[PDB]
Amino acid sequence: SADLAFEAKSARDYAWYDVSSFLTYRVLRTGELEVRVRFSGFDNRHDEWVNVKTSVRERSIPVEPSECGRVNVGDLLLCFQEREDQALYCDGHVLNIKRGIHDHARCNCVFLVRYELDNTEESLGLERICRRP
């Protein structure tokens, strides 16, 4: 097993971002606990306080063409969601898969996902999905 690395969900976004480090923590009077995180490739202006249970987890992993078969329907995926204004990684679920015929070099499978945020759906290739460990 490799050393655990993490991603965290931004409150000004709802997308998930690789975490560079955890600076400190705090406990609100409600009892709510939060850690302060630094996002990889970002200066300290972008640091956030996030809940550990809902907004921090093990990094999603890009899936190799060779293992597309491990991905299944109903699965949770970190999906690179391309739009005009923003391109970002959001959670989604696999509604359907159309399998394809391909060598390990490249995957031509088609995954239909439902984004958790809005419930909207999009079809994605392997290149835009990551799997949970």
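A residue's number is simply how far along the shown sequence it sits, counting from 1.
Check this for me: in at least a third of the other entries compared, is residue 45 absent while its neighbours are modelled?
Missing in at least a third of the others, so yes.
Test of understanding: from the entry's C-alpha B-factors, which stretch has the higher mean, 24 to 32 or 52 to 60?
For C-alpha atoms only, the mean B-factor is higher in 52 to 60.
Read off the CA B-factors in the entry, average them over 15 to 23 and over 108 to 116, and name the higher stretch.
Higher of the two, by average CA B-factor, is 108 to 116.
Looking at the entry's B-factor column for C-alpha atoms only, identify whether residue 84 ranks in the lowest, middle or highest third of its chain.
CA B-factor rank for residue 84: highest third.
Place residue 67 in the lowest, middle or highest third of its chain's C-alpha B-factors, as listed in the PDB entry.
Highest third of the chain for residue 67's C-alpha B-factor.
Looking at the entry's B-factor column for C-alpha atoms only, identify whether residue 75 ranks in the lowest, middle or highest third of its chain.
According to the entry, residue 75 has a C-alpha B-factor in the chain's middle third.
Can you tell me which third, lowest, middle or highest, the CA B-factor of residue 94 falls into for its chain?
Answer is middle: the recorded C-alpha B-factor places it there.
In terms of the chain's CA B-factor thirds, is residue 129 lowest, middle or highest?
It falls in the middle third of the chain.
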